[PDB]
Each structure stands twice: as structure tokens, then as C-alpha cells.
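What follows is one structure encoded as C-alpha cells, with my remarks underneath.
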Amino acid sequence: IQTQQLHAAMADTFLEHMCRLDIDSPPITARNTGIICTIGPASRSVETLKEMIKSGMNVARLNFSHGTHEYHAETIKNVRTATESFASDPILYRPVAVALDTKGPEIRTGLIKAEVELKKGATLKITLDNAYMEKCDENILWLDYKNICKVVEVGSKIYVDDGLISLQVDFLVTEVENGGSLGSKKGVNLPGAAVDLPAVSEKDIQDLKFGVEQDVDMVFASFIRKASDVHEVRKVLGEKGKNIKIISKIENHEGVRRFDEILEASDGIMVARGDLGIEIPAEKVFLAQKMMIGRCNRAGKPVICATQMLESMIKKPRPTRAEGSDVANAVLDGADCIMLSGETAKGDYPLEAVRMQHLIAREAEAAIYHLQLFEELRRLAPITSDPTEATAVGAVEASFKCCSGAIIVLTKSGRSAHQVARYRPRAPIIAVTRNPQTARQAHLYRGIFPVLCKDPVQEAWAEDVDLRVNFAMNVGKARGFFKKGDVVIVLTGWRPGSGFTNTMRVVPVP
Amino acid sequence: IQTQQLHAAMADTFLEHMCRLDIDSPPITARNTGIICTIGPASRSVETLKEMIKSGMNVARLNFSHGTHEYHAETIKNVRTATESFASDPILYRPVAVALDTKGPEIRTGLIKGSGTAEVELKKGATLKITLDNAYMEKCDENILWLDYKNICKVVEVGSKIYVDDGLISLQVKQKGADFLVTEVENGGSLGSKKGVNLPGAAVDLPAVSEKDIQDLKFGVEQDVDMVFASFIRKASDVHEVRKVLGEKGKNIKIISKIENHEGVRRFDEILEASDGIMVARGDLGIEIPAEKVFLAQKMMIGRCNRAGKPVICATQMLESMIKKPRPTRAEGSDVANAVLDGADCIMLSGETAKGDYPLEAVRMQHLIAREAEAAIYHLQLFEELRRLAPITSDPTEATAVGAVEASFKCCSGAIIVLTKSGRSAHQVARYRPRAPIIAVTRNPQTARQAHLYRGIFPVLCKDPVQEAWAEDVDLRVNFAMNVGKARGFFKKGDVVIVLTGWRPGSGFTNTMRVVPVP
Amino acid sequence: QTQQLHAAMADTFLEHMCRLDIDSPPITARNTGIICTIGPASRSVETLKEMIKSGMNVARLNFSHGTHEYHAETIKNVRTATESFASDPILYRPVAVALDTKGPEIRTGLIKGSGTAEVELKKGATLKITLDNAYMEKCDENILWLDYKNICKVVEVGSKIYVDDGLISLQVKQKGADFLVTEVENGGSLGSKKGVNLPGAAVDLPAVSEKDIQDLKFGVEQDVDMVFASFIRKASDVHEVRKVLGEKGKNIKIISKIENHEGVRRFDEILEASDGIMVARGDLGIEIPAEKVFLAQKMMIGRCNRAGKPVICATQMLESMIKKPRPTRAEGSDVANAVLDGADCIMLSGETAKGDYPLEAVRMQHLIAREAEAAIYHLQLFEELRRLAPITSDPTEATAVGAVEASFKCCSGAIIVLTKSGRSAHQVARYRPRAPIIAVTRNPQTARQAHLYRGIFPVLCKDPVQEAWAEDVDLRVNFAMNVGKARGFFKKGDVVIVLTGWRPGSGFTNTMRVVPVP
Ligand SMILES: O=c1cc(Cn2cnc3ccccc32)nc2ccccn12
Ligand SMILES: O=c1cc(Cn2cnc3ccccc32)nc2ccccn12
Ligand SMILES: O=P(O)(O)OC[C@H]1O[C@](O)(COP(=O)(O)O)[C@@H](O)[C@@H]1O
Ligand SMILES: O=P(O)(O)OC[C@H]1O[C@](O)(COP(=O)(O)O)[C@@H](O)[C@@H]1O
Ligand SMILES: O=P(O)(O)OC[C@H]1O[C@](O)(COP(=O)(O)O)[C@@H](O)[C@@H]1O
């Protein structure tokens, strides 16, 4: 009772559950929320990447907004070098995924003449004549988006340089709402506009093909506005990249409004709060965040909460109180993963930022009101004929009933473990696979602790099944998830191959 | 249904309620969560203060860790000048409370090279000597660090961790002494003048109410402050000590206990029972206990305060980046919204308003987020849990209060108008957390100021003289609240409001609830 | 410790049941309306006086038998007995009068010219049904006449015909022009003028017959409070009853009796058209399989509670009490479960109309209802009623829920409501408070009709209108404090909820006061 917030777990109301949250109730070792770190000058080396892994990084994120293919290939090579330095012990080997975050379509201003000053309620004309592209000034500004006039109307706002400058409407004349240092080749945002820019730009096609060649596990597809955008990303990945997960980045009003069709078309979602906070009033981000996490939990699809989670840690070795809170509340909301950008890419304390996310995520997971969450997940999920779905909900129920140390799932593609994860058990889900890509991808789903079996396939299938379950038991005992004599849930299928999980057993730890 | 997250309000589950939160669903005009602003050099002028009031500032906080009595007396004077500049129209006047935040049992360093602005870059693994010899109190550098805690050597042992400046710098006690400590820099950084020192493992024996606190509390009574935010409250006896120090002259001053250490969290229940309200003082609390556990202590304290109907304040680094930037980080927007969703009565600004470059933008942002987050609350579960967890009582006032809240949800009322002398009647309504704002009409200026501590209370100060016929005096205050609500856009003619009154004059007779249309 | 308050606290319905305590005694107040059928056993002014002391609230008159002259004398006896208590207005109890229509009944003739003669019908035997009026007073074990002329047209070979509360069942073997050769499936004693059911048949009889029209017009003339309309199959049948009552009987409550398949299938349209429902289990249990009646009952009680319209549970609730002074366990359970289901009223037919223990049956209904009312899981019920209730702009609906909420919070002795038309008290009753609703009115029809709503205890104020309106309000509130104190619903110092309006007349209820009992 005095550990894992188990007194708070027993509350009959959410109010009382909150009243019982105890700073003296220590959490277990298992940390269920996946940690995604953006790699950069502060974290690119092998030595550092080894420490990143030890501190808790599960996914290495490569930002293709900048850098060449050569640079990115070397980052990937470094990640795999640091990752396989741990391969010698398969019991302790932690798989590490590689994510490719696309540049995506963007609106950029021209070259000035370099800085200029804009003020109060002055005038500035927006032109598209590619003769003014080299002569940007205080009275006239050129843009690379030719359909800007079609998507904007009388009273529409234009945001310049990550929202620093505000403006009001073959050309458009604007009245400055908020001035400042007008730079050259700066990003432009169109709030409320149904931007008709390509789903995937020319550079993105090249990047996505590079990703297939580099054997990446997932793509974080930028500026996803509709279902067709996801379909274009999927078509570019083709047959060679059919198994690569697609996470759609919701960055503007359109993406939020057309969310249900994007979720159905995608493998998962990223709440890209940075871009979203420029596109929608910042006081509304928390709404879009809580709506997307809720709907992803409802569909059983992975959701990533991103941007400025521990921002002050770029310069400081400890985060602010708002940051500590933001990480906890993203876990409490129901986010599968939490992300680090500048904090691991450019900052002075990358390792400390990763360690803090791990500590907060672990305390937040014990703090979840599983009693309400599990009843609501059950009530909202459809009654289907699927044997694996019934098995998965059965296992979660059994794990709550006997307070099991884990739910051991045998999986080839990962699907069987994903089905367990959508019911959010408190027990860690040990997914035993032989597929190295599945083990990497499994980090996207809350609760899943992926373990790669390297043992050779036995000829008697029932013995091969037993070998993989025993492996999971060994990983559990070694990492102190449970010990000999404890009860665990074990999920297996009625024959080899995917799609047959239908067997739930309550097994003592040997 | 398309406004105030009413589609989300209708959800049968919390998960579905979250699924329905809509960025395109605009909130009402009224903002329920009170905004406390620390007043410092960036916000002291009458000019700025008038604009703070307009931006949404409800309480002016005075941090007695710094500044002389003369400085604070002038800040208070300027707060009153800005507030009274709006008194010509009683319909548009907004009361503004004055809060005195004590220094308390603080441990502080001296001056780096005799300058209150100079800094030293401390290196990891480096040796630093801590002295109590006042010869170095202005001669601090990268080798010698003076602090004002005379009994440091007794309560600290070898291996003990010493945190400096919001715990950003860390040190380990390597060799103990009589008035000195030989330390090893565990975590480096830039060390400035007069920084905060924490000793999480140590049994700090500093008095509850210091000699400086007694002088400041006295000045608070003389200055007619509305509340005291008492630093480092550890047990109920500490609250009792503040209460006894304020004595008879300060008996109506509200005491808010600041929980910022492990003992305070541990002995929370007895502290709460003794206090008029609580501050979740996350700054120190996040140094004293592991920073990852702060959200647990925060939600336990908000829940327990909500369960007890006593005000709770969420404080520190809520919009921190805004000291230097005109826009907050996404983590900051989140924190503000989540403090409101948790059930915090008030939210607070420190350096963001006291010394930052954008104090009005920080006030405006807290106002914008709070109002958005108030509509996002799951009132269906919150009101059911508040009802079930509250005892059955013979108190007529409590029954009227819950009946009034029930009526306000049924007709989606524009407000709950409450006539109150002490504030109690409006406090009893706030406890049940209605969606509609509570317009508290009072003739007592202190009540009007102190009501800002409670979620939803929109206090109004009636200046109209007392009429011969009591029933006409009652109707005059109700009409005054009708006038305020219309003028501020909380409602318009024909809308329905709830009205709370008593059956005779004086406090304690609230027993009448009326459902009336707006004239 | 009292009125199942320990079970009231339960966080789950399962634990609510676990905590039900036979040693937790109920309050004095009984909220469920008791409807009694008047007959030879209960017609005397002297018996009617005792029926009123036992707890009868509504006197039901079955217009399937008797003449207008006979029914007018019944109504006179009910009024004489009710008005005997008017000497003390504190103890006076309003009593309503309900007219129950004959509707499209199908009845057999006389057994060998006698009203009491019986024949033994044996299983396997042939029975000939005739429409020939030469046999209307010559029924026996071989021939049986019935008054439904178009019986042959609506039935077929193989069809089943039920006689006498469905105790005798016949199977049609041969169909004819004005006859039916049948076989005895369920035998027994066949008596005179027994009711007939044709479960599968499309009975074409009118919803409102000429006799029904006369009875309905007589209802208006006799100033009845409500009508119980038999065999209502659709909305158009209720509109037919409504039309007949017309402007003169516009304020007479229509309670549609659901006693057939079509009535259940069309229930929503029926309920929208009506002022209330009777779950008419007798004929319903013959018209549809008997094992489905509880389903229909719970569906109808639920939908009426959801619509805020009165619902009556009727027929064979304490049947064995016709011949015995105590009921069976099933009968005790049935009365308890109708109250638990949410029925506003419970009814007695044979038990009060012709049985040997009428006063006993009324007393028993009173004792069970009171026990069952304390057993209600108010915590879930109030939460569900609020959730399923729409958000209104109506100040009166907001004041009513506020008052119910306030009554739960302080566990008040009562919710005192001042009402002209009764609407304000009905709005309080739709939220099911635990506290009894003392509805103070000066309108006598309002006071009588208030018995149709769970929890309403109507009191008729005799006192003339005081000059100052506030004083007239206070006089009526004090009258309720006096009724509640005399009936032992509360004592001095207890807390009660008071509901009034801001000006005289109907529709201004907007004031809720929490006041100590003087
Ligand atoms: O009733 C509540 C209230 C809250 C606080 N909260 C956190 N995001 C919120 C979004 C909207 C409303 C309240 C919100 N969280 C939970 C969690 C589980 C069950 C019930 N909950
Ligand atoms: O809230 C209720 C009320 C009732 C009716 N009922 C039947 N025995 C009862 C005993 C006491 C109170 C109500 C009772 N049944 C259920 C069934 C499932 C869930 C909730 N229920
Ligand atoms: O989650 P997935 O990809 O459907 O895989 C689960 C599969 O794994 C198994 O447990 C074992 O299959 P293999 O022996 O082919 O690995 C199957 O019985 C089951 O259908
Ligand atoms: O909240 P409090 O301090 O009890 O004050 C509420 C009081 O205000 C009133 O409505 C009006 O009283 P006054 O006329 O004395 O101000 C009382 O009837 C009621 O008891
Ligand atoms: O229930 P109804 O028919 O709306 O009547 C309730 C009415 O009774 C009153 O309390 C008293 O009215 P009277 O003084 O006219 O009898 C009104 O203020 C209120 O509107």
C-alpha cells in the first residue's frame, strides 16, 4: 500500500485520489512512457549517445529541417554504434529507435538587400513578383507561397518569424499588428487558413527515400492537415518502407479540425505544440493537447507530446516548476511518449534533461487513477469478434486483479502488445520479439518494455514459445520488475505467425 | 453547446470529456481564478499598477525577503493610488488586495565582491569554503562563501548536500568546523550575491517567526494588509505563532501557510486546519524534496484544500520565461491551465511581474489561460464528488449554498449574486465550484479584498448608504450586482441569475435562494 | 440508524443492498399514493371513513359495471366520508375520485339464466361459441355466447381464446358465420359475464364507445379528478378521450391504461398525449406472455419517471388478501419492488372492491411503501434524474432541483411548496427527494390530483386570503409546519425547505428558503 501510490489507487473518487497522492510512496523501477530525444551538436557523439541510452532515451529523433544526408547518416551510424555496444548481454539490451522528422512544406520571406524595423500600425505590402525576392524592405515584403491570396481574406492574419511579427489584410496590403526586427528568409504562418502547399515537398521525397535506405523505424511527418497528406507520405515510403510507422504532426487549426481523419489514416500522432502555439492562440494549446491525447487513447494509437517540456534545461541543470508539472501532466493526460528537442539537441545538460523526464514519468505513472481510466477504456471500446482484443482486455483485468509484476506478450509485429497497451495496465508490458524493427517500434506505446530475443528457433514450437517466456522472466528478474514466486500474466497464440494471440495465462515467476 | 466547452461538459466519461475539448469553443467573459502579482521595480509605479488592475491583477504581493519598510510603504501607497483611481464609478471599481509575504526562516549568502550585482563562475570538483565570520559577508568569491545561518555547523554533517540559488548550484560537506565548512562543488554555475540556501537533509532549528518577521508583521498590521503568506510553515504551532503575533489588531488578517519543505507536506492536515488558506510554494518545495515529486504534493494540497473549502494558491515559475520573453513557453501555458484544472483558487506571478521586461503580458496570459481552463473543467464529476465528500449538516447556510449551485448548473445562470458581510456566504458557494461567477456584494472593503482568495468570487464594494427599510437596502445591493454584471458583460437583460440573501440583518442568516431574471 | 441512511451512504448499488437493515425504521411519512377500487366491501360512508384512516388517497370506480345512478351515490359516499374530516383542517386529508372506463371489453353471457351459476369445463371437451342473442342468457358447458359480434372475422382456426382473467383457454377448431367450435385447453369453473381475451386477434372494437362517451360526460358532471382510460392502443385514442372531456373537463387528468401489445409498442406516442400511465398488468399479462409483464412494467415506470408523468402499478398486488388477512411473500415483494421501480402510485382492485379484508390490504400497502421508500438508492436516482433532465431557461425548474439538492444536504423533514395548479409541487416530485413534499393549496381539485405524484402530501388551506401578500404566504407556510408537526413528520427545531414565488398567482415559483420548524 505504501508504494506505487497504491493508497491513492484505492480511492472511490478522483478528488480523494488526488488527496492521497503521497511524496513518500516510492515508485517501482518500470518507467512506461517512451522518451524521444532530438539529436544535435550536444548529443551526436557515440560516448554521449551511450550515456543518453543509460539515462533513458528510447527514440533518437533526427530533425531534417537542417543538415545534409551525409550528416544524418553519420548521426544514425553513431546511434547504432552506441546501441549495439550493449548487444553482448541480450537480457539487459535496450532497443533504440530511429525517427526521421521531415522538414515539410514551409513559407519563407526573401533576402533583405540583414535586419529592418517594423512598428505600431504601419503599412507593409506583400508581393509575389520574383523580382522583389532579393530586395525585401520595410515598405514591401516578398513570399515564396504563390497561393497566399487564395487562402487569405479581408481580416486574415499573417505571422512572420515564428510569430514575432503580426499583420492584417496577385498581392496583399497589410497593417502591422505587432512590429519588430524584420529579418531575411524568415518563416511565415497562416492562422485559420486551409494552406494548399504540398503534403510532401521535393526535399521531403528525397529525405523519405533516404529514410527507407537508412532502415528508419518511423517518420514524424510535418504539417499534416488532412487524411490525403498522410496517404501521400505512405505512397512515398512505398513497398520498401511499408513497415515504417507514420506519426502525423498536428501543427495548425486545419490539422486539429480534421483530426479524426488524420488519426484513422496515421500510425500515430505528435502534438507539435511549438508550431501549433504560433498557429492557434497559445492559451488554447492545452485544449488541443488534451483532445488529441484523449482521442488517441480512444483509438489505441500512440500519441507524442512535444516542444519545450524542459526548455530551461538548455541553460540550467534543473528545470522550472512549470516544466516539472508539464511532463507529469502529459503522462497524467495519457501521452505514450514525451519528447526533448533543444534540451538534447543544442543544450548544456542533455543527460540531465533525459534523466528528469525518466524520474517525472515514473512518478506520474504511479499517480494515474487506473481505476477510472480502465473502466472508461472498457466502456468506450467496441465489442468485436477479434480473439486477440478479448485476450488483451482479459490480461489487463487479470493483471489488476492479482497486481502482477508484468504482462509478458509474445509478438512478431508488435500488434498483440499494442492491444494490451491501449487498456493501460499498471504492470509493465514485456513484449518478447525476434523482429528487431518491432522491438524498436514498441517504444511508441505506453507500458511496453521491448526485449529482442536472439536465441535460435527451436524445432518444437511449444518449446520455442517456452524459451521466449523464460527469457522475459529473466529480463524481469534482472531489472528487478518482479522475483521468483511472484505472479505474472503471459500472452501467447494458438499457432506460429501473427494474428493468433488468444491464450492468457497467470504464471508464477520461476 | 458551441461555447464554454458545453459539448465537453455533457460527456458521460472523463476520457470523452477530454475528447470533446474544443479550441473553437469560446469561453465566457468572467474569469474565476484570482491572479496574485508580486510587486517590484518593474511594476511599482501608479502608471503600471493601473494597467496591472486592467490586465486582471486581483492581489498585490509584497515579498519581505528584500526592501525596507519605506520601500514597501510606498509600493502599498502606489497600489492604493492605482486602485482608488477607479473608485469614481462603483459599478466599474475592482477591489485589490494587499498581501505581505514573509522572509521567514531563510538562509542567505552575502555579497560577491561587495557588489549586489557581481558574479563568480564556480567549477565542478572545485573546493569552496563556507564561513560564518561576518568579515566576509561582503567579501564573497569563488573560494569563500559567507552565509547568515549561525547554527549551520551543528544541524549539518559530513556528506550533507547544500543547495545555492534556487538549488541550481550544489555542494557537499567534506570537512566540518566551528564557523566554517570545507565543501566540494558537486554542481557548478554562476554564483551571485544574496542567494537562497537550502539544506534538505538537515534539521534546521531556525525560529518559526524571526525577529525580522515580528517587525514586518507589525508593519503589516499598521499598513492594513489583507493577508499574510507565512513562509516555511512546518507544523500547526507555527501557524498559531503567526496568529498570536498578529493578535487582536491583526485578527481579521487572513493567514496563508506556505508549504515549501517535507515537514509541511507531512504535517499538512494540522497546518490546513489552523490556516485560512494554503500556498503551494513550489520554488523551495522543489529544492527541499526531489523536483519530480512536486506535482504529487501540489495535487494532494489542492485536493485537500478543495475538500476543506479553504483557499489554495499555486505559485512559482508559472510563466518564468516571460521575465525575458513577451510570450510563454508551451510548458508554462500547460502549467497555468493544469493548476486551474487541478482546482487552484489562485495562481501567482513572482519575477514575471516584480522585475521582468513584460509584466503586463504575464498578467494578460494568466487571465487568458485561466478562463479557457475554467470552461475545460469537468463540473459534472467535480460537483458530484464535492457533494458526496461533504458532510450532511444542520447548517441552513450550507444547504442554501449547495441548492444555489445546483440551480446555477440547471439554468446555466450568468452569475450567483451573494450578499455577504464577512465573505462566508460567498465562500460557502465557491466551495461547490459552480461554472457561473459569484458576484459577492459587500459594504466591507476588507471582505471585498479578501474574497479574491476564492475561485469564482467577483467581489463588488457597495458604497450606497444604508436605507431605513432593510428589505429596500437588500434589493439595492442585488440591483447594484445586476448593474455590475451587465456593465462587465457577465450577462444581459432577461438572462437568469441566482440570488443569495438572508432573512434578517447581520452575518450567519443566509437562507434564501432566488432564481431571478436580469432587469 | 433510521430510514436506511447507512444504506443511503453506499458508493455502489451492490453495497446499498448489503446495508439494507430490518432494524433501520422508516420515517412517519409515506410518499406513494394508494389507489383503492370501491365496491360492495368498501362502499359504506363508515367503511370509507376507515379506508381514509388506513391510507387510501384515490377512490377508483370501475365503470365496467353499475349505472350512473349507482356511481353517483358512490361518489357521494366518498365525498361524505372525506368531508367528515374537514372539521379539523390540520388533519383533513384530500381524497381524489377516479373514473375507470369500460373501453372495448368482450364479455360472456349468463350461465343457465343465473348470475351466480357455474359449469365445469373439462380439458379436451368441445365448447361452441355463438353470437346468437337467443343464447345470451343460456350459457352452459356446451354453448357460450359473447357480446363481440365481429369475433369470427378477426380470429382463425388454431387461434386461442381466453376466458375469466385468462384462467380458461380455448382453441378454435372450426370457424363459422356466427359461431366457433373450440376445444378446452385449460379447464375450470365457467361463470357468468366473464371477460374474454383474443391475444393474437386484431380486435376492431372502438377505443371510445357510445357508453364510454356517456360515462366520460358523466365524469365531467360529477367533477371527477382523473379518468383511467381502458385499452389505449395509440395517441389518437387519448385525443378521442380528451375531445370527449372537452373544454369543461380540460383539467381532468387522463391516465392511459396499458394492457395490450400495441399499447406497449406505441407507448411513447401514448405517453406524450396523456397526463399519466397505468401499468394495467391484468389484461397485459393475458395479451402478452406473463413472463414479459415485468419488462413492460419497468420500461413504463422508467419512461414516466424520465418524462415526469405519474405512473400507477396495478392489479393483483395483494390478491390473496381477498380471502386472507395477510399476504404471500411474493405479494409483499411486488409492492416493495413497484415502489423501488419508481411507481408514483400503487393500486388495489379486488382486495378493496370485494375482498374480506379491505382495511388490512390498504394498511399493508401503506407499511410496505414506507419501508421501500427508505430503501430507494437516492444517490444514483437523483444523479441520473439530473443528468437525463435538460438544461432549462425555466426559473421554476431551477428552483425545484435546487430545493431537492438542499433537502438532501440537510436531510430536511419536508419540502413545503405553495402551489395554485400543483405544477410547482409536481416539478419537485419529478426529482424524487427523500423528504415528503407538503403541497399547500387553496384549490381543492389541485389538492386531490396531487396524490398522483410520488412524495406529494397535499394540504387544503381553509383560511381566507390575508390582506398583505407576505402575511398570506406566512399563514400557508405555518399551516404546513402545523400539519407536519401533528402528523409527526418533524418537530420544533428541525429543518425544512420552503418553496414560494415572488408575487401572487401561478408560474412565479422562484424562492427557496431553509427554515427551522417553529
Ligand atoms: O476529473 C478529473 C479531473 C482531472 C484534472 N484534469 C486534467 N486534465 C483535465 C482536462 C479537463 C478537465 C479536468 C482535467 N483529471 C482526471 C483524471 C482522471 C479522472 C478524472 N479526472
Ligand atoms: O439503482 C438501482 C435501483 C434498482 C431497483 N432496486 C431493486 N432492488 C432495490 C433495492 C434498493 C433500492 C433500489 C432497488 N435496481 C438497480 C439495479 C442495478 C443497478 C442499480 N439499480
Ligand atoms: O502480435 P502479433 O504480431 O500478432 O504476434 C503474435 C504471435 O506470436 C506467437 O505467440 C508466436 O509466433 P511465432 O512463433 O511465429 O513468433 C503467435 O502464436 C501469435 O499469433
Ligand atoms: O456571509 P455573512 O457574513 O454571513 O453575511 C450574510 C448576511 O447578509 C445579509 O443578506 C444582509 O445583512 P446586512 O443587511 O446586515 O448586510 C444577511 O441577511 C445575511 O446573514
Ligand atoms: O404551482 P403554481 O400553480 O405555479 O403556483 C405557485 C404560486 O404560489 C405562490 O407561492 C402563492 O400564490 P398565491 O398567493 O396567489 O396563492 C406564488 O408566488 C407561486 O407562483
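We number each residue from 1, going along the chain as drawn.
In case you wondered, yes, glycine gets a Cβ from its N, Cα and C as well.
Listed features, source Swiss-Prot:
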MOD_RES   A:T29  phosphothreonine
MOD_RES   A:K50  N6-acetyllysine
MOD_RES   A:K54  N6-succinyllysine
BINDING   A:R61, A:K249, A:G274, A:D275, A:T307  substrate binding site
BINDING   A:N63, A:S65, A:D101, A:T102  K(+) binding site
BINDING   A:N63, A:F64, A:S65, A:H66, A:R108, A:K186  ATP binding site
MOD_RES   A:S85  phosphoserine
MOD_RES   A:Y93  phosphotyrosine
MOD_RES   A:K150  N6-succinyllysine
MOD_RES   A:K150  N6-acetyllysine
MOD_RES   A:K249  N6-acetyllysine
BINDING   A:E251, A:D275  Mg(2+) binding site
REGION    A:286-510  region 'Interaction with POU5F1'
MOD_RES   A:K301  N6-succinyllysine
MOD_RES   A:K301  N6-acetyllysine
MOD_RES   A:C403  S-nitrosocysteine
BINDING   A:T411, A:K412, A:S413, A:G414, A:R415, A:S416, A:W461, A:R468, A:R495, A:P496, A:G497, A:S498, A:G499, A:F500  beta-D-fructose 1,6-bisphosphate binding site
MOD_RES   A:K412  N6-acetyllysine
SITE      A:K412  site 'Crucial for phosphotyrosine binding'
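In terms of C-alpha distance, the listed recorded positions A:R61, A:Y93, A:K249, A:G274, A:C403 place A:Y93 closest to A:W461 (beta-D-fructose 1,6-bisphosphate binding site). Listed in chain order, the residues near the substrate site other than A:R61, A:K249, A:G274, A:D275, A:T307 are A:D101, A:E251, A:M270, A:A272, A:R273, A:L276, A:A306, A:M339, A:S341, each with its Cβ within 8 Å of the site Cβ centroid. It is A:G497, among the binding-site residues A:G274, A:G497, A:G499, whose Cβ has the fewest other Cβ atoms within 10 Å in the structure shown. Taking the mean position of the Cβ atoms of A:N63, A:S65, A:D101, A:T102 as the K(+) site, the remaining same-chain residues with a Cβ inside 8 Å of that point are A:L62, A:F64, A:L100, A:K103, A:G104, A:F220, A:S222. In this structure, A:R108 (ATP binding site) is part of a beta strand by DSSP. Of the listed recorded positions A:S85, A:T102, the Cβ environment within 10 Å is emptiest of other Cβ atoms at A:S85. With a threshold of 8 Å between Cβ atoms, none of the recorded positions A:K50, A:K186, A:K412 neighbour chain B. The recorded positions under consideration are A:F64, A:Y93, A:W461. Their Cβ neighbour counts within 10 Å are lowest for A:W461.
Checking the binding-site residues (A:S65, A:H66, A:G274, A:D275, A:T307) against A:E251 (Mg(2+) binding site) with a 10 Å Cα-Cα cut-off leaves A:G274, A:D275. It is A:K249 that, of the recorded positions A:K150, A:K186, A:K249, A:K412, A:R415, has its Cβ surrounded by the most other Cβ atoms within 10 Å. Reduced to three states, the DSSP call for A:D101 (K(+) binding site) is strand. Per Cα geometry, A:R61 is the residue among the binding-site residues A:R61, A:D101, A:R495 nearest to A:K50 (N6-acetyllysine). According to DSSP, A:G274 (substrate binding site) is assigned to a helical segment. Comparing the Cα of A:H66 (ATP binding site) with the Cα of every entry in A:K54, A:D101, A:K249, A:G274, A:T307, these being the recorded positions, the smallest distance points to A:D101. The binding-site residues listed here are A:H66, A:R108, A:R495; among them, A:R108 has the most other Cβ atoms within 10 Å of its own Cβ. Counting every protein chain shown, the number of other Cβ atoms lying within 10 Å of the Cβ of A:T411 (beta-D-fructose 1,6-bisphosphate binding site) is 28. For A:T29 (phosphothreonine), applying a Cβ distance below 8 Å and a minimum sequence separation of six or more within one chain yields A:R479, A:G480, A:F481. Distance between Cα atoms for A:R495 (beta-D-fructose 1,6-bisphosphate binding site) and A:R108 (ATP binding site): 55 Å, as a whole number. Listed in sequence order, the recorded positions among A:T29, A:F64, A:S65, A:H66, A:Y93, A:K301 whose CB lies under 6 angstroms from an atom of ligand 3 come out as none at all.
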